[PDB]
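Understanding the architecture of this molecule
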Amino acid sequence: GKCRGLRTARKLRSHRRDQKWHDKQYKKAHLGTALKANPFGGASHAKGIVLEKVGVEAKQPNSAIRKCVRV
Amino acid sequence: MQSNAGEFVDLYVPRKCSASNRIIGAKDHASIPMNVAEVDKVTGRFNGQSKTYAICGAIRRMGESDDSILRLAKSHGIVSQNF
Amino acid sequence: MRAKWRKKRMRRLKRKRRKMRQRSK
Amino acid sequence: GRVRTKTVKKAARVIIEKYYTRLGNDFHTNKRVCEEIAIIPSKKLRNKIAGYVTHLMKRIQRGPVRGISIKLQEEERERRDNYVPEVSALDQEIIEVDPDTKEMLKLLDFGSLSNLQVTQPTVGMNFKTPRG
Amino acid sequence: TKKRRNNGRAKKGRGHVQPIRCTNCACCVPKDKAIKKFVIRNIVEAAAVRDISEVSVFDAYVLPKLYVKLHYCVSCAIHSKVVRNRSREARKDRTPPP
Amino acid sequence: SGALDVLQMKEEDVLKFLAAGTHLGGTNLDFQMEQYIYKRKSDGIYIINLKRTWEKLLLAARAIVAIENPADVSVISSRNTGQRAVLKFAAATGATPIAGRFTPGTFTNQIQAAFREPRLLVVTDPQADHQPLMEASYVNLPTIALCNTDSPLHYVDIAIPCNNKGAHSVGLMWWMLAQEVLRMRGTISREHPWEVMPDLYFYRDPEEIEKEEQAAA
Amino acid sequence: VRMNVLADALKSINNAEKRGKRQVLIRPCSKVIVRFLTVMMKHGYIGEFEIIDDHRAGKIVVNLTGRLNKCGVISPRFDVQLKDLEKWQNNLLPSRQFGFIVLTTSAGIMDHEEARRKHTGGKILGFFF
Amino acid sequence: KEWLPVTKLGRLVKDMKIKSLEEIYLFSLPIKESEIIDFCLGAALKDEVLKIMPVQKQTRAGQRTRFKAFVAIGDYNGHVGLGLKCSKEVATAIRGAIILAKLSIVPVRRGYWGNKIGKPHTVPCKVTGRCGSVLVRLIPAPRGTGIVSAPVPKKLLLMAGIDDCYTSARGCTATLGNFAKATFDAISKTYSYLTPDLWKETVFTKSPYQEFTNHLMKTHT
RNA sequence: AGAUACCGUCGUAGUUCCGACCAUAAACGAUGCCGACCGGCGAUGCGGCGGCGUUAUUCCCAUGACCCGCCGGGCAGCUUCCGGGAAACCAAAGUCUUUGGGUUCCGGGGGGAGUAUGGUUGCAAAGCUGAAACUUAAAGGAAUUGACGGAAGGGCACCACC
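Per the deposited record, cryo-EM is how this structure was determined, to a resolution of 3.1 Å.

Within the PDB entry, the label attached to chain H reads uS5, and the organism entered is Oryctolagus cuniculus. The title line of the PDB record says "Structure of a mammalian 80S ribosome in complex with the Israeli Acute Paralysis Virus IRES (Class 2)".

Looking at the PDB entry, one finds chain E named eS26, with Oryctolagus cuniculus as its source organism. Listed under Sequence similarities in UniProt, the entry text for chain E is "Belongs to the eukaryotic ribosomal protein eS26 family."

Here's what the structure looks like:
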């Protein structure tokens, strides 16, 4: 705390209330931008109909096909 | 050193600086016992008894050992009061 | 890319992005 | 290109501090001593050592040697162990005393003495090295 | 990392010193920043002065000297080998060697 | 040393500290030398108060006497000015000298042949003989120094304020040191002057060894 | 400027301990400093002092021994109950044998232990061990 | 094995003329011998190796990979140390670092939190110790707790016999080089910390270089 | 090879002044500001003091120009186991797990991005405010060893030269 004063609870709380949004985990859980853009939409699971198959190539040094499914 | 009973409960009572009073650690190797030999008023020679003043390592590298040894013998009855 | 000439290329394109919003006024 | 090695120089220095007696100035005198005071499986290594010994045996006769400490260098201190000269700088009756040092003795027991001579202070005080 | 304590220059309470131009190049290097040399030198060095005393009409006329205060930029000072890279402790020596 | 009239600065002693050049100090002042100085002269020279020269050396002799073993008290001089001056102390007192080239690492490194594990050091110049001071601050080794107006009071426990720069000023401040230890141990009496001359301790210039054959020819 | 006298005067004593100075002149002389220094005197961490009277704010020279480890102030002046005092003496003192938090009770300036005996808390001043 | 000692400190130890190494930690005299510890505190001594850390200086062609043994040490009644020795193989450094661990075994001050009755169990103060950016801070605990800490600073506090402790490591504790030394420094600053217990003014009793000087004059030169 | 490049020759706006706009710089000491405290020394800049003499208008003083120090504040310096720090380094970046002298701004892995959008000022260029989706196991700081350099300096060789 840069300010320590005895009547500074309306700057310690208000500054914390502002700088907590710069926390990338907090802002994600408290905006309506991340919550909607989640393909599931605040779900632990989701049923879906398979409408094609994609042999996704492995990213880096491991050369292998990660046989995935479009859902 | 006491427990509630009262007997010495630790395994040694360490040294304590004669100049500053801050204690001397078990591996403060720059520490110094410094004995001064006791001189008779008339003869001007060593008796057998000894006058001891210890300083911690932190004061010798501070440059205030021979300011403090000077005062630990000015008004302890070794060196002149006028000086 | 130099951080100065990246900043200049973002500017030239901001002048372009504005021109493709100006034609609807 | 004949610089002595460490099995020649040190090997010579070990002999001279131990054997100042047996050696001398001439090479052929202390070439043959190295048959007795060294067990060397090399004719060449012997002459290299015994040759460098004589070069150092000419340096105990002109001064001291670096890596030596012998009874002769205990005897070197022994000669001037009680070198007493003629009456020195602490048998003087007219001694140069700085005038502002007359104040630091007047405050003590020693106000005015027998065997001093006072001077006068030097005006135009210019002692410092010019800055630069 | 901060290589030098002074920022390769010799202003500490100014913020702005007007640049005097380079001589080898024409780089706008600041005044304090520039490696400055002041040349004090004979107009004929050592071989020609042997002769010109015989062509001098006057009774042993000593020559005029030639006065050039050089302004080097840092890329020019080290190109012509005026100044020179030094070891991390040798850097801080501000003593000019004769 | 303190208000005893027997260890009072005697009439024979001041005129040695005047004639040697011990009141003659340096031009630069170390901030912890105002406590050993009377007043700054003209020509920028510091008068070392010769009572405050005297008073320190008596306890410095108490210090050497306070060591029961005379052997383990090491005495140090790397500058030529005091190399002989500390060497003549060695035989008389029963001490160990360092008359030029202290090997850095003797007190700490065991397996060096010259392994002095001393109990007390005596130092000519703290700046010049600075190497043992560090090793004296690495084992429990108290430090005595024949200090000056220029020399710092660093890593030294009792300072003896001298002019340790001058040729015949050094050996005189070693002779008074060598006397006072033998006086207290029980060699000399304070009624008669000690037979050994202070000029014995003075380092002879090899330029002036080339002279005396002609000087009294 | 100096906005706490009990802080910047006892910030001056702690630099004289850590260096090892025998006595220290601490320039402001408030009513709070004397009744701080006395509770370090009465408990016997520091030696005796004297307050130099000019026609200003006074000055204080304190005889320090090396018995004082750290003099530590708390700013601002937080109210302390008797059950909340248990938490202050936890995080701000080394052991629960030695070390005192002095605090300004209604009954007067005294250590946490005497405020615990007399059963009256107040605003906090600082600690010393 | 004999150990015919070299140092004046170690010369008195072999003859059973110094009573214990409790004087050695009083006079702060350096134990530069490795058989003074195996003599006294070697009795109930348990030496366990924390880390085996290879380090690679890059050469002209290839790497010179050495090894490092961070060896914890201590009898379970009032002494521990930390020894770090770097050597080219795994058998040398482990054997070598125990010696450097023994040369730097320190006395730990154990005592009492709260009521000062019974056996000494805990650290008697909030000591700190920090090398690198690591900051291991050891607090007195209530009884029968156990050392609530990381695997390693517990492993040294167990060796000390400091049963009750509260640890709060802060900084990059990933590097075990700085994490074993910082916790070691905290239990090296227990007898560097002036408690009101220690105010009974220390009289300077005769040093074993003064006390035994006549033994130290006719055993050698 | 090609240089709407480095090099050269011209040369437009520009550079210059006045009147307005613009409000950004590695605007850096990459270090907010007021206050306290904690080492040393040589310097210097300004003011004031105290202290022999030298020269200056000699016609003695007031007084400069020097000179020894002192004090106040500023610009930096130098050294140090004060202490810190990841280190390089720093009497401040110190007095910080033994954590609170006050107060402002501000940071929260790297990118996306100072981008999108609204708001707002500007004649325009643009400024201040300023996300998110998606993406990724690092980006980075300091230091050490090597390799390397179209870096500097010192060597060795008729597998170099003379």
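Our next topic: the interface of chain F and chain B. With 41 residues of chain F at the interface, the matching set in chain B holds 34 residues. Overall, the association of chain F and chain B removes approximately 3,100 Å² of surface from exposure, summing both partners, and the carbon and sulfur fraction of that is 54%. If you sort the residues of chain F by the area they bury against chain B, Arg-62, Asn-140 and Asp-157 of chain F come out on top, with a joint share of 20%. Note that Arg-60 of chain B is salt-bridged to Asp-157 of chain F, the shortest N-O span being 2.7 Å. Taken together, chain F and chain B are joined by 18 residue pairs in polar contact. Those elements giving two or more residues to the side of chain F that touches chain B turn out to be α2 (50-66), β7 (158-159) and α5 (167-185) of chain F. For the side of chain F that touches chain B, the element with the most residues is α2 of chain F, which contributes nine residues. Here the side of chain F that touches chain B is built from residues that sort into 22 nonpolar, 10 polar and nine charged.

In the vicinity of RNA strand I, 81 residues are found, and the nearest of them are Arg-131 of chain D, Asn-15, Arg-19 and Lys-70 of chain G together with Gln-58 of chain H. Between RNA strand I and the protein, one listed contact pairs a phosphate oxygen with a side-chain N or O atom of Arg-5 of chain E at 2.7 Å. Counting only elements with at least two residues in the surface near RNA strand I, the list comes to α1 (9-19), α2 (24-30) and α3 (34-37) of chain A, α1 (3-22) of chain C, α1 (5-8) and α2 (10-19) of chain G together with β2 (55-58) and β6 (127-129) of chain H. Of the residues forming the surface near RNA strand I, the biggest block, seven residues, is contributed by α1 of chain C. Looking at the surface near RNA strand I residue by residue, the class counts come to 23 nonpolar, 20 polar and 38 charged.

Of all hydrophobic cores here, the largest spans 95 residues; its most connected members are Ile-64, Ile-144, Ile-160 and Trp-174 of chain F. Setting aside chain neighbours within four positions, we find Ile-64 of chain F in contact with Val-73, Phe-89, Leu-120, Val-122, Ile-144, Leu-177, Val-181 and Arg-185 of chain F. Counting 69 residues, the second-largest nonpolar core is a separate cluster that includes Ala-16, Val-39 and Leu-64 of chain G together with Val-152 of chain H.

Glancing now at the domain arrangement of chain H. Residues and elements named next belong to chain H. You can read the domains of chain H as domain 1 (1-107) and domain 2 (108-201). For domain 1 versus domain 2, the distance between C-alpha centres works out to 21 Å. Contact with domain 1, which involves 20 residues of that partner, is made by 19 residues of domain 2. The contact between domain 1 and domain 2 buries some 1,500 Å² in all, and 74% of this surface belongs to carbon and sulfur atoms. Across the domain 1-domain 2 interface, the total number found is zero salt bridges. Scanning the region where domain 1 abuts domain 2 turns up three residue pairs in polar contact. Those elements that place two or more of their residues in the side of domain 1 that touches domain 2 are β1 (48-52), β3 (63-73), β4 (79-87) and β5 (105-107).

All names here are of chain D. The end-to-end C-alpha separation of helix α1 (residues 6-18) is 18 Å, in line with the 18 Å expected for 13 residues at 1.5 Å each. Three or more residues of α1 are buried, namely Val-8, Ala-12, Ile-15 and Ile-16. The arc enclosing the buried residues of α1, seen along the axis, measures out at 95 degrees, which places them on a common side. The exposed set on the far side of α1, more than 90 degrees from its buried face, consists of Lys-6 and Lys-18.

For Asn-214 of chain H, the position within the fold is in the segment after α6 (208-211). With 194 residues separating them in the primary sequence, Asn-214 of chain H and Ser-20 of chain H have C-alpha atoms 19 Å apart.

On to the arrangement of the chains, then. Contacts are most numerous between chains B and F, considering all seven pairs of chains that are in contact. Spatially, chain C is disjoint from chain F: no contact exists, and the shortest C-alpha separation is 53 Å. You won't find any contact between chain E and chain F; their C-alpha atoms come no closer than 21 Å.

Another aspect to go through is the pairing of β3 of chain H. All names here are of chain H. The pairing of β1 with β3 spans four bridges and is antiparallel. Within β3, the residue paired with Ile-52 across the bridge is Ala-69. In this sheet, β3 lies alongside β2 in antiparallel orientation, the contact comprising four bridges. The residue of β3 that forms the bridge with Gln-56 is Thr-65. Counting the residues between successive antiparallel strands, the hairpin from β2 to β3 contains four residues, one of them, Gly-62, with a positive phi of roughly 90 degrees. With seven bridges joining them, β3 and β4 adopt antiparallel strand pairing. Each residue of the ladder has a partner; that of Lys-68, found in β4, is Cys-86. The antiparallel pairing of β3 with β4 creates a hairpin that spans five residues between the two strands, and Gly-74 there sits at a positive phi of about 150 degrees.

Residues and elements named next belong to chain E. Here, the residues flagged by UniProt with the feature "binding site: Zn(2+)" are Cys-22, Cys-25, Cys-73 and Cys-76. Maximum C-alpha separation among the annotated residues is 7.9 Å over a sequence range of 55 residues, consistent with a single clustered spot. Assignment of secondary structure puts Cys-22 in the segment before β1 (35-42). Beyond its immediate stretch of four places on either side in the chain, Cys-22 contacts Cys-27, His-71, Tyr-72, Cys-73 and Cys-76. Looking at the element boundaries, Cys-73 is found in the loop between β2 (65-72) and α2 (74-77). In this structure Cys-73 touches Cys-22, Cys-27 and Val-29, once residues within four positions along its chain are discounted.

The rules behind these values
Residues numbered from 1 in each chain as written, not as in the entry; some residues may be left out. Chains lettered and ligands numbered in written order. Part of a larger assembly, values for the part shown. Heavy atoms only, no water. UniProt positions renumbered as here; feature names shortened; annotations may be inferred. Contact = heavy atoms within 4.5 Å. Buried area = accessible area lost by both parts, 1.4 Å probe. Salt bridge = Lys/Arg side-chain N within 4 Å of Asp/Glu carboxyl O. Polar contact = N/O pair within 3.5 Å; in protein donor to acceptor, adjacent residues only side chain to side chain. Helix = DSSP H or I, 4+ residues; strand = E, 2+ residues; numbered from the N terminus. Nonpolar A, V, L, I, M, F, W, Y, C, P; charged D, E, K, R; others polar. Near = heavy atom within 4 Å. Core = buried A, V, L, I, M, F, W, Y, C linked by side-chain atoms within 4.5 Å. Buried < 20%, exposed > 50% of the residue type's maximum accessible area, 1.4 Å probe, protein only. Domains from an automatic or database assignment. Expected span 1.5 Å × (residues − 1). Arc of directions from axis to C-beta. Pairing = 2+ DSSP bridges.

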